[PDB]
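Asks: There's a structure below that I have some questions on.
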Amino acid sequence: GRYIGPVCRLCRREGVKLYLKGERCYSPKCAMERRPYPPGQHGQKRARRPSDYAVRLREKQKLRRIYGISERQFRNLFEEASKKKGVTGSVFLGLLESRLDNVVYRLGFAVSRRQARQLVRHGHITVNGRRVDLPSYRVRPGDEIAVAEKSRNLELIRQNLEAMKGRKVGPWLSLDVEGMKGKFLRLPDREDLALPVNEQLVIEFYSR
Amino acid sequence: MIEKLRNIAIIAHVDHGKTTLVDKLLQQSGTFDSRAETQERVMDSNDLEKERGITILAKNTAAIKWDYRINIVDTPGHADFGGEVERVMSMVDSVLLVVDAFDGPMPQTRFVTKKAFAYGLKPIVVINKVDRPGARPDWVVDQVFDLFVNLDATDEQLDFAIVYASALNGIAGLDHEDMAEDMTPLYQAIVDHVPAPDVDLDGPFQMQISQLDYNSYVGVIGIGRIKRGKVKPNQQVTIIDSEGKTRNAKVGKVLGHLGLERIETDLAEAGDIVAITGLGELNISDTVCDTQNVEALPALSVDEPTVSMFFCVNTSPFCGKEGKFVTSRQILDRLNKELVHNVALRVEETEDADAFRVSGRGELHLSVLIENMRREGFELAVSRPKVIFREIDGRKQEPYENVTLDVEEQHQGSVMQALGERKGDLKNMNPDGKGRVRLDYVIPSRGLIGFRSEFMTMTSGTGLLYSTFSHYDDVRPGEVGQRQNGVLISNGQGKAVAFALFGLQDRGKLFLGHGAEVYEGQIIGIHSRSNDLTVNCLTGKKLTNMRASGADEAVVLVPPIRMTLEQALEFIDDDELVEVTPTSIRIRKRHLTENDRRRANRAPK
Amino acid sequence: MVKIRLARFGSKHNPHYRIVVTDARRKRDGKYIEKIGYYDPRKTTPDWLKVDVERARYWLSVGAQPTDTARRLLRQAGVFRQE
Amino acid sequence: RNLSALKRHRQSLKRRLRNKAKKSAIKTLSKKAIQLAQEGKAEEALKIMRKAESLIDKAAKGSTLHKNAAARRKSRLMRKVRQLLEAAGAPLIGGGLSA
Amino acid sequence: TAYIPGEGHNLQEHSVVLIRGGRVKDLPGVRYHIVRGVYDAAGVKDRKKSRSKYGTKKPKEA
RNA sequence: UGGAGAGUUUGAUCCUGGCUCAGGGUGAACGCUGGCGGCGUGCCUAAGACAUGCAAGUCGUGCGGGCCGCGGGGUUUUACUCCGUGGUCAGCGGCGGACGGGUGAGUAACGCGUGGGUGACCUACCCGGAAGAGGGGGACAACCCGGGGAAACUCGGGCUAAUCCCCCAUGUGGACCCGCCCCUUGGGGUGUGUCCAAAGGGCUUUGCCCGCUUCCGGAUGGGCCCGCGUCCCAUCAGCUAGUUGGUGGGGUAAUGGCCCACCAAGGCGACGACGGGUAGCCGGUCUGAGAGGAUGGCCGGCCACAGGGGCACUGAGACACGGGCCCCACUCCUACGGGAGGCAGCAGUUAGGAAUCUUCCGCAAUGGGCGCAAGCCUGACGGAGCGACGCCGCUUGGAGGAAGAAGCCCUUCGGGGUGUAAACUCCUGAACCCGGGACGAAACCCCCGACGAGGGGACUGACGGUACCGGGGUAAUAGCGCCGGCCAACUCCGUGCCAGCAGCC
Ligand SMILES: Nc1nc2c(ncn2[C@@H]2O[C@H](COP(=O)(O)OP(=O)(O)CP(=O)(O)O)[C@@H](O)[C@H]2O)c(=O)[nH]1
């Protein structure tokens with residue numbers, strides 16, 4: 001499956017807060033906090049050299065990782081950006097995002113990429129028209145979705161749609177905490193995506 | 001429909017009219033001519049005609065008519081493999097003991113009826129050969145009446161049944177003095193005397209595929225008696241011991257010699273569904289039937305006979321060789337393949353990767369498997385799995401278990417000799433007022449081998465006794481044979497030379513001939529004494545001339561002395577693996593090279 | 001015979017058909033004397049059929065015989081309204 | 001192990017019988033003809049040329065002569081009637097062969 | 001000739017098994033080799049890590 | 001809109017070159033794991049051999065018949081014909097068996113791709129036009145009789161139908177010779193002569209419909225031909241008698257040495273000829289930044305064989321998979337004389353090997369063959385099963401829960417580690433349960449109206465009661481390779497040139 005296991009263990013692994021578990025691996029405890037260093041039996045072992053490889057692979061890697069979606073598929077879309085004119089670096093970055101699942105989280109609805117994907121498969125999705133559960137299903141030229149029917153009612157629905165009702169999203173994500181509904185605009189673009197990384201690093205890494 | 005099935009078996013033995021019973025009755029069963037034997041049954045049944053039973057169906061009337069079935073063993077032996085017929089008590093509702101009016105019954109038959117004596121199934125006496133002259137029929141009836149008077153039946157008594165039969169199809173019967181003909185009363189002496197095995201007029205399918213086989217197309221054959229439900233998958237099924245199972249295909253009953261998938265099964269009869277589950281695999285132990293609801297079904301029931309012939313690989317020098325299967329791999333494939341059909345066979349794993357403890361039933365039983373191995377193309381030695389001297393400081397701590405074999409005080413002095421001569425300590429000879437008398441001789445696995453053979457030659461079949469162990473000993477201090485008249489071994493590979501085998505020829509007997517070119521370790525006759533030697537010759541030397549002539553001399557030489565197997569195997573004692581082949585049978589010592597033998601002996605101390 | 005019949009295009013459980021012409025010899029899918037309109041009975045597209053009326057006719061001209069279901073499809077099309 | 005179709009065969013029997021028979025026919029008579037022309041019996045040679053022409057086509061009818069079968073047949077025929085009958089002898093009943 | 005890998009073994013003349021082939025420098029002519037479990041030849045008993053090659057299913061850690 | 005380099009031959013240096021390695025791809029196998037599904041997907045070796053069960057028939061609007069049922073007598077009954085008819089079974093008479101299904105042995109070739117060619121052609125089941133359809137005869141099966149054989153089959157006699165065969169009219173034509181004019185290698189009109197046309201059937205019937213003959217024609221499908229392009233070895237040099245061509249000549253739908261007689265003898269070759277080795281060509285496909293490598297099954301197209309070898313008739317069309325004659329090997333049967341078999345078709349067997357499924361349901365959809373239609377035939381197809389054999393999607397879980405367990409790992413024993421990892425709370429909610437349930441299909445047919453246009457009616461899906469939707473509903477599988485450098489990933493112990501690992505170093 002889409003990986004599983006002690007992941008704030010990864011919090012430690014890569015560093016750049018893999019708080020990513022969603023909340024506390026996000027506040028006072030998870031490499032992002034606590035022994036911030038690379039975990040392991042030798043995590044506190046003064047590192048060594050970074051093969052230009054260590055480099056590219058590293059970036060490519062945590063990158064893919066923090067999104068909970070197949071390495072294969074990943075590379076796939078990549079290609080797409082590659083075989084679909086336009087700095088594939090960008091195009092892809094975008095594609096990365098535009099994924100349903102990706103979005104499931106992206107819009108506060110979800111608090112972690114994982115719970116996000118989860119819900120996605122589990123229903124409570126409001127595709128433009130009733131719904132879809134493919135924590136994959138891209139997000140066509142910015143569409144609408146949200147706490148589907150019989151969903152606007154689950155305790156966690158609450159936790160979320162509820163504690164939520166506040167903050168704003170990005171320049172490509174339309175947050176309507178109202179009738180719990182999110183709507184996409186257009187290709188997110190470099191800038192509007194915090195999440196530090198680069199691109200080149202990773203694509204070259206691929207080059208063959 | 002199940003209240004008309006009548007499946008019975010026609011016990012037998014060393015003689016005299018196997019089937020005979022099953023066959024001939026055709027009248028009845030068949031078109032016209034010819035053959036009418038075989039009969040029936042089976043494949044390579046020339047020299048003899050045992051093993052490979054099944055089944056005796058045919059919708060033959062008589063008329064009478066029907067009963068029905070007419071669908072039971074039907075099984076001789078001369079068993080080989082000791083029991084086998086066991087799969088008969090798991091269906092048959094009566095036995096057809098076919099004795100001879102010339103001498104009566106044979107010890108060989110003193111089992112087929114015994115193993116089921118504690119029944120259960122009123123045997124059906126059948127005196128044959130009465131068509132001849134010398135063969136009192138009234139006297140035989142009296143003798144066959146004491147077979148129970150001392151063992152009970154109890155309702156036998158009857159034991160009536162009580163037939164004589166006749167060559168020209170009498171058969172009597174009934175009994176005396178010409179039946180008809182004889183193809184109109186025998187039927188009555190069965191039906192009217194045969195009941196309808198308690199079958200479940202309804203419920204699920206309870207067919208216990210006792211036996212089982214396979215065909216180069218007709219897949220695997222079920223083979224067994226239906227206990228409940230029947231019968232047209234699929235409609236999966238269920239197996240015993242394990243799940244059993246997915247589903248099923250068809251089912252070829254026993255209409256006489258097929259093959260033909262029973263249009264509709266139910267019970268009583270001895271149907272054998274197929275197709276489901278592809279005959280994968282087969283174990284006359286489970287109890288196929290409906291989908292659970294619910295296990296289980298009996299019985300096992302019994303197969304553990306005795307005997308043991310260690311197996312190995314002809315890792316000798318002569319190459320290479322028999323056909324294409326001499327290594328271990330090829331052999332193994334055969335071993336397991338036998339642990340399927342065989343019911344009286346017990347394959348065991350020893351120490352030597354090239355050794356096996358083939359535990360069969362009778363001394364001859366193991367032969368059937370060996371004889372069939374050659375014709376298939378696979379040379380192997382016999383037995384020959386020895387024991388281990390432990391444990392361990394030490395001197396052979398094996399076990400010791402003896403058992404009398406009545407007796408009939410006509411062997412009390414013929415059996416006490418061997419045992420007493422082989423250390424066979426008679427821990428106790430439980431006697432009785434009847435006439436026989438048990439004799440438990442704590443014998444070890446070292447003094448038990450081959451014993452089964454000679455034993456059957458002492459009491460003449462009428463003598464059974466097994467063992468096991470009482471406590472690991474140390475072998476004592478004496479050798480348990482070790483056989484008399486040392487075995488003549490060779491001194492190298494080459495060929496038999498008249499001038500070589502001529503010299504030392506009066507020093508006993510010879511095996512091979514000429515130019516017979518054997519090798520080292522291979523035996524070529526027995527010594528006039530107990531000592532062993534390793535002569536040689538080819539050479540036969542020497543040629544030639546001139547000069548000159550003309551006289552004289554022209555030594556000849558006698559030939560085997562050859563055989564049997566069967567007549568050479570039991571000849572061993574220490575380590576003379578009877579290397580057999582799909583067209584030949586040799587016998588060499590565990591150590592070919594002479595000087596090599598001394599390495600292991602090496603005696604004290 | 002020279003006929004206008006269809007072929008199946010799609011996959012597993014999906015069969016649109018090629019409204020085409022060929023000689024009743026080349027497998028329902030064999031090459032085809034020529035392509036002419038397409039149609040799908042499961043529906044989906046609002047555009048579940050395009051049976052070129054003209055070609056229908058022209059071809060039709062000399063002997064063009066059509067599957068029966070063919071003929072009905074084309075007439076429907078409106079290549080068969082004798083007005 | 002049974003299949004009606006054999007019919008075919010049997011027919012071949014019938015048909016083939018016939019057709020040959022005829023083919024023979026035209027062959028042989030055409031020949032005979034060729035001969036008359038040869039000897040010089042112009043007149044009769046022609047008559048033949050006739051019965052000929054006739055049967056050739058009769059063949060035409062079915063599957064014995066075909067396409068241009070009968071064609072060459074005739075062409076050959078008449079050209080010959082003439083050539084043969086060209087030892088100075090007059091196209092007597094020059095019917096079958098026009099002016 | 002080919003290499004008999006796998007720590008422990010057996011197989012006498014009359015022993016099948018097989019070669020997945022594999023040169024094995026340090027002993028010329030070993031242009032191929034066997035593969036534990038092939039028909040006859042069993043597997044590296046009492047083994048633990050890396051086992052597909054030197055074939056041996058995983059142990060129920062019991 | 002797209003090309004990354006590392007190892008490796010010294011005491012260290014620079015170079016040529018050899019070899020090693022990375023990644024990419026496959027109708028793979030094997031090791032080890034195996035939860036759902038979807039779709040592509042499935043002998044690439046014995047192209048050996050195969051039990052068995054389906055794989056092509058369909059028409060009484062074609063024809064006589066036999067057997068069967070109904071109704072109806074007939075005749076008193078005797079009898080058993082004859083009718084009407086539902087039919088059944090062949091026989092006969094037509095139209096399909098030449099695609100549809102298989103595989104690639106053979107094949108170095110216009111066989112193939114490609115582009116042209118045909119004054120040397122031919123296509124029945126359809127549309128186009130014009131003309132025709134009027135007398136006479138007759139067969140062999142069916143049946144009965146007769147006979148040989150085990151069978152196979154079967155030889156001799158006797159009568160009968162037809163859209164079968166044959167003769168005679170009528171030619172709009174057509175064919176041929178020959179004749180001419182126009183052309184232009186055997187294309188077009190026509191003139192004198194000769195030869196050839198042709199079946200009915202059924203009904204609301206005097207005509208409505210299936211159909212029939214002659215010819216010009218269309219769409220169509222194919223045939224022969226021709227350019228260029230289509231693999232290695234020259235330690236394969238010299239190759240050639242129908243062989244180079246010519247006269248005429250026979251065959252064929254027509255060419256042509258395709259087969260013949262004569263006659264002249266040239267004809268071929270390094271712009272590689274003769275030979276040998278390899279081989280189904282391609283459209284296309286993996287590959288590579290790239291020209292270029294390789295490959296070319298499952299689609300699709302053209303090509304060849306059908307156990308191997310040969311042939312020919314039936315014919316619009318074959319030398320013909322499930323057709324026929326003859327030899328080789330094979331295999332089976334017998335009364336030994338004598339007969340039957342070819343699954344490189346669907347499923348399926350055994351042998352081979354590393355190896356490759358199912359002896360399924362369904363003709364409801366498409367599709368194809370006979371049918372005036374009703375419909376009949378249809379392991380083409382439509383699915384269906386089974387295989388990690390590939391490709392796509394999906395899951396065994398989310399979330400909060402300690403300076404932080406137990407425990408095992410390291411430990412300079414201070415501590416460090418695996419680890420929020422697990423335990424816990426809420427949670428969601430796969431598998432699995434109840435209810436409903438699909439397009440997929442609308443045509444051929446009813447009724448209207450010229451049976452036509454158009455129109456309204458009628459009927460029918462094995463995938464499935466699954467798919468799907470709804471409500472239900474527990475939290476539910478992980479592993480496999482690597483860890484000296486190339487390369488990313490570190491420590492304890494054993495171990496101590498035994499054991500061993502290696503692509504290289
Ligand atoms: N005259 C005569 N001969 C007989 C009769 N029964 C058997 N035989 C002969 O004796 C021989 C033995 O009979 P058979 O039944 O074949 O032996 P079996 O019992 O089947 C084999 P086994 O004795 O091992 O059980 C046969 O070859 C047969 O010819 C009989 O009733 N009359």
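How things are named: the first chain in the structure tokens is A, the next is B, and so on; residues count from 1 in each chain; ligands count from 1 in the order shown.
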Residues of stretch 1-92 of chain D in alpha helix (DSSP H) according to DSSP, as a ChimeraX atom specification?
Replies: /D:7-39,42-61,69-84
Asks: Specify as an mmCIF file with N, CA and C atoms, in the first residue's frame all residues of chain D found within 7 Å of chain F, counting only C-alpha atoms (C1' of nucleotides).
Replies:
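result04.cif was written with the following content:
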```cif
data_model
loop_
_atom_site.group_PDB
_atom_site.id
_atom_site.type_symbol
_atom_site.label_atom_id
_atom_site.label_comp_id
_atom_site.auth_asym_id
_atom_site.auth_seq_id
_atom_site.Cartn_x
_atom_site.Cartn_y
_atom_site.Cartn_z
ATOM 1 N N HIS D 9 -19.115 -34.905 -54.380
ATOM 2 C CA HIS D 9 -18.476 -35.942 -55.083
ATOM 3 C C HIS D 9 -19.368 -36.574 -56.109
ATOM 4 N N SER D 12 -19.749 -34.707 -59.005
ATOM 5 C CA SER D 12 -18.537 -34.670 -59.816
ATOM 6 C C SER D 12 -18.621 -35.826 -60.729
ATOM 7 N N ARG D 16 -18.809 -34.432 -64.388
ATOM 8 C CA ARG D 16 -17.536 -34.676 -64.984
ATOM 9 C C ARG D 16 -17.767 -35.688 -66.104
ATOM 10 N N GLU D 53 -19.015 -26.202 -85.273
ATOM 11 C CA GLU D 53 -19.358 -24.907 -84.765
ATOM 12 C C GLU D 53 -20.405 -25.159 -83.704
ATOM 13 N N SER D 54 -21.436 -25.868 -84.154
ATOM 14 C CA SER D 54 -22.582 -26.178 -83.328
ATOM 15 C C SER D 54 -22.173 -26.719 -81.995
ATOM 16 N N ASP D 57 -20.202 -24.594 -79.561
ATOM 17 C CA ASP D 57 -20.993 -23.758 -78.691
ATOM 18 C C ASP D 57 -21.854 -24.518 -77.719
ATOM 19 N N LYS D 58 -22.525 -25.565 -78.176
ATOM 20 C CA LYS D 58 -23.373 -26.345 -77.292
ATOM 21 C C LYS D 58 -22.588 -26.409 -76.012
ATOM 22 N N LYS D 67 -15.817 -18.704 -71.350
ATOM 23 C CA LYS D 67 -15.135 -17.482 -71.671
ATOM 24 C C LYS D 67 -14.952 -17.584 -73.168
ATOM 25 N N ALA D 71 -14.339 -20.000 -78.272
ATOM 26 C CA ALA D 71 -13.708 -19.026 -79.152
ATOM 27 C C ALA D 71 -12.554 -19.615 -79.915
ATOM 28 N N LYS D 74 -13.497 -22.376 -82.353
ATOM 29 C CA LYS D 74 -13.893 -21.974 -83.672
ATOM 30 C C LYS D 74 -12.760 -21.371 -84.480
ATOM 31 N N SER D 75 -12.175 -20.277 -83.984
ATOM 32 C CA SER D 75 -11.116 -19.569 -84.715
ATOM 33 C C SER D 75 -10.247 -20.588 -85.419
ATOM 34 N N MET D 78 -12.332 -22.778 -88.293
ATOM 35 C CA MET D 78 -12.492 -22.160 -89.591
ATOM 36 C C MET D 78 -11.188 -21.811 -90.285
ATOM 37 N N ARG D 79 -10.245 -21.219 -89.555
ATOM 38 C CA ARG D 79 -9.007 -20.864 -90.225
ATOM 39 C C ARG D 79 -8.568 -22.118 -90.932
ATOM 40 N N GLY D 94 -19.467 -22.707 -98.347
ATOM 41 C CA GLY D 94 -18.841 -21.746 -97.449
ATOM 42 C C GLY D 94 -19.716 -21.115 -96.380
ATOM 43 N N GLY D 95 -20.707 -21.859 -95.893
ATOM 44 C CA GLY D 95 -21.590 -21.359 -94.859
ATOM 45 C C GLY D 95 -20.812 -20.888 -93.646
ATOM 46 N N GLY D 96 -20.554 -21.802 -92.720
ATOM 47 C CA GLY D 96 -19.810 -21.470 -91.514
ATOM 48 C C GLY D 96 -18.727 -20.406 -91.636
ATOM 49 N N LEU D 97 -18.093 -20.313 -92.798
ATOM 50 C CA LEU D 97 -17.059 -19.316 -93.011
ATOM 51 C C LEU D 97 -17.566 -18.348 -94.050
ATOM 52 N N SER D 98 -17.974 -17.174 -93.582
ATOM 53 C CA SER D 98 -18.507 -16.131 -94.440
ATOM 54 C C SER D 98 -17.713 -15.937 -95.710
ATOM 55 N N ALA D 99 -18.015 -14.845 -96.400
ATOM 56 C CA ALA D 99 -17.326 -14.514 -97.636
ATOM 57 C C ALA D 99 -15.830 -14.329 -97.361
#
```
Asks: Just the residues within 6 Å of stretch 61-64 of chain C, please, counting only C-alpha atoms (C1' of nucleotides), with nothing from its chain fewer than 5 positions along; format it as a VMD selection string.
Replies: (chain C and resid 2 to 3) or (chain F and resid 126 to 127 219)
Asks: Check every protein, DNA and RNA residue against ligand 1, keep those with an atom at most 6 Å away (counting only C-alpha atoms (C1' of nucleotides) and all ligand atoms), and present them as a PyMOL selection string.
Replies: chain B and resi 12-20+49-50+76-78+128-129+131+166-167
Asks: If we count only C-alpha atoms (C1' of nucleotides) and set the cut-off at 10 Å, which residues sit around residue F:243, ignoring sequence neighbours fewer than 6 positions away in its own chain? Please answer as a list in words.
Replies: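 Close residues of residue F:243: residues 257, 266 and 267 of chain F.
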Asks: May I have the selected residues written with C-alpha atoms (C1' of nucleotides), as a PDB file, in the first residue's frame?
Replies:
```
ATOM      1  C1'   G F 257       9.427 -21.919 -73.003  1.00  0.00           C
ATOM      2  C1'   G F 266      23.254 -17.123 -77.578  1.00  0.00           C
ATOM      3  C1'   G F 267      22.140 -16.343 -72.115  1.00  0.00           C
TER       4        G F 267
END
```
Asks: Near residue E:3, within 9 Å and counting only C-alpha atoms (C1' of nucleotides), which residues show up once chain neighbours fewer than 6 positions away are dropped, as an MDAnalysis selection string?
Replies: chainID E and resid 19 21:24 30:34
Asks: Find the residues around stretch 368-383 of chain B up to 7 Å (only C-alpha atoms (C1' of nucleotides) counted), leave out those fewer than 2 positions away in its own chain, and share them as a ChimeraX atom specification.
Replies: /B:309-314,322-323,325-326,364-366,385,569,577-583
Asks: Going by DSSP on the backbone, which residues of chain C come out as strand (DSSP E or B)? List them as a PyMOL selection string.
Replies: chain C and resi 2-10+15-23+34-39+49-50+65-66
Asks: Using N, CA and C atoms, can you write the selected residues to a file as a short mmCIF file (atom, residue, chain, number, x, y, z; two decimals), in the first residue's frame?
Replies:
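Writing the result to result-v5.cif gives the following:
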```cif
data_model
loop_
_atom_site.label_atom_id
_atom_site.label_comp_id
_atom_site.auth_asym_id
_atom_site.auth_seq_id
_atom_site.Cartn_x
_atom_site.Cartn_y
_atom_site.Cartn_z
N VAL C 2 -21.54 -7.44 -51.73
CA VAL C 2 -21.04 -6.12 -51.41
C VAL C 2 -22.02 -5.51 -50.40
N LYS C 3 -21.53 -5.35 -49.17
CA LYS C 3 -22.38 -4.84 -48.10
C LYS C 3 -21.84 -3.82 -47.11
N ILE C 4 -22.79 -3.10 -46.59
CA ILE C 4 -22.61 -2.08 -45.63
C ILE C 4 -23.15 -2.73 -44.40
N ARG C 5 -22.28 -2.90 -43.42
CA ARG C 5 -22.63 -3.53 -42.17
C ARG C 5 -21.68 -2.86 -41.24
N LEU C 6 -21.65 -3.32 -40.01
CA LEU C 6 -20.79 -2.71 -39.02
C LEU C 6 -19.70 -3.63 -38.53
N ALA C 7 -18.80 -3.04 -37.76
CA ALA C 7 -17.69 -3.74 -37.12
C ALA C 7 -17.71 -3.29 -35.68
N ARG C 8 -17.04 -4.01 -34.79
CA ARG C 8 -17.03 -3.60 -33.40
C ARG C 8 -15.70 -2.99 -32.99
N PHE C 9 -15.80 -1.83 -32.35
CA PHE C 9 -14.65 -1.08 -31.86
C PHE C 9 -14.92 -0.67 -30.42
N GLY C 10 -13.97 -0.97 -29.55
CA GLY C 10 -14.14 -0.64 -28.15
C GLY C 10 -13.20 -1.50 -27.35
N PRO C 15 -18.80 -1.84 -27.05
CA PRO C 15 -18.82 -2.03 -28.49
C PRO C 15 -19.53 -0.98 -29.34
N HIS C 16 -18.80 -0.02 -29.90
CA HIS C 16 -19.43 0.94 -30.79
C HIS C 16 -19.23 0.19 -32.05
N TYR C 17 -19.92 0.59 -33.10
CA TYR C 17 -19.72 -0.06 -34.36
C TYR C 17 -19.46 0.90 -35.48
N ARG C 18 -18.63 0.36 -36.35
CA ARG C 18 -18.15 0.97 -37.54
C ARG C 18 -19.25 0.69 -38.50
N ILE C 19 -19.71 1.76 -39.10
CA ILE C 19 -20.74 1.75 -40.08
C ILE C 19 -19.85 1.75 -41.30
N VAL C 20 -19.70 0.60 -41.93
CA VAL C 20 -18.79 0.53 -43.05
C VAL C 20 -19.19 -0.41 -44.19
N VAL C 21 -18.40 -0.38 -45.25
CA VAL C 21 -18.65 -1.22 -46.40
C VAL C 21 -17.48 -2.12 -46.71
N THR C 22 -17.79 -3.37 -47.02
CA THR C 22 -16.82 -4.37 -47.36
C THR C 22 -17.60 -5.50 -48.00
N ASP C 23 -16.89 -6.52 -48.46
CA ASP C 23 -17.51 -7.68 -49.08
C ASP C 23 -17.64 -8.79 -48.03
N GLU C 34 -14.51 0.42 -47.45
CA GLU C 34 -14.48 1.82 -47.03
C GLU C 34 -15.27 2.17 -45.74
N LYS C 35 -14.86 3.26 -45.10
CA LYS C 35 -15.48 3.77 -43.87
C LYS C 35 -16.71 4.64 -44.15
N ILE C 36 -17.75 4.48 -43.34
CA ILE C 36 -18.95 5.26 -43.57
C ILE C 36 -19.83 5.43 -42.33
N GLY C 37 -19.61 6.47 -41.54
CA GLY C 37 -20.42 6.66 -40.34
C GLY C 37 -20.11 5.67 -39.22
N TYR C 38 -20.53 5.99 -37.99
CA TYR C 38 -20.29 5.18 -36.80
C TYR C 38 -21.49 5.28 -35.84
N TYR C 39 -21.72 4.26 -35.02
CA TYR C 39 -22.86 4.31 -34.07
C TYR C 39 -22.71 3.46 -32.80
N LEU C 49 -24.55 8.65 -32.83
CA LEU C 49 -24.59 8.17 -34.22
C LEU C 49 -24.40 9.21 -35.31
N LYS C 50 -23.58 8.85 -36.31
CA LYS C 50 -23.32 9.69 -37.49
C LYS C 50 -23.26 8.74 -38.68
N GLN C 65 -25.69 -3.70 -50.49
CA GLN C 65 -26.72 -4.28 -49.66
C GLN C 65 -26.29 -4.02 -48.23
N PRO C 66 -27.24 -3.79 -47.33
CA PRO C 66 -26.79 -3.53 -45.97
C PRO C 66 -27.33 -4.55 -45.00
#
```
Asks: If you count only C-alpha atoms (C1' of nucleotides), which residues fall within 10 Å of residue F:150, apart from same-chain ones fewer than 2 positions away, as a PyMOL selection string?
Replies: chain F and resi 152+334-335+338
Asks: Using only C-alpha atoms (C1' of nucleotides), find which residues of chain F lie within 12 Å of chain C and jot them down as an MDAnalysis selection string.
Replies: chainID F and resid 38:40 98:101 123:128 217:221 299:301 365:369 380:383 438:444 452:455 463 467
Asks: Can you tell me how far atom CA of residue A:208 sits from atom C1' of residue F:24, in Å to one decimal?
Replies: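 Rounded to one decimal, the two atoms are 8.6 Å apart.
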Asks: To one decimal place in Å, what is the distance between atom CA of residue B:272 and atom CA of residue B:57?
Replies: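 If I compute the distance from atom CA of residue B:272 to atom CA of residue B:57, I get 12.2 Å.
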Asks: Counting only C-alpha atoms (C1' of nucleotides), which residues of chain F come no farther than 10 Å from chain A, as a PyMOL selection string?
Replies: chain F and resi 1+3-4+23-24+393-400+403+409-410+416-422+426-430+478+487-488+490-491
Asks: As an exercise, work out the distance from atom CA of residue B:194 to atom CA of residue B:221 in Å and give it to one decimal place.
Replies: 27.2 Å
Asks: Would you list which chain E residues are within 10 Å of chain B using only C-alpha atoms, as JSON, numbers by chain?
Replies: {"E": [10, 11, 12, 13, 14, 15, 16, 17, 39, 40, 41]}
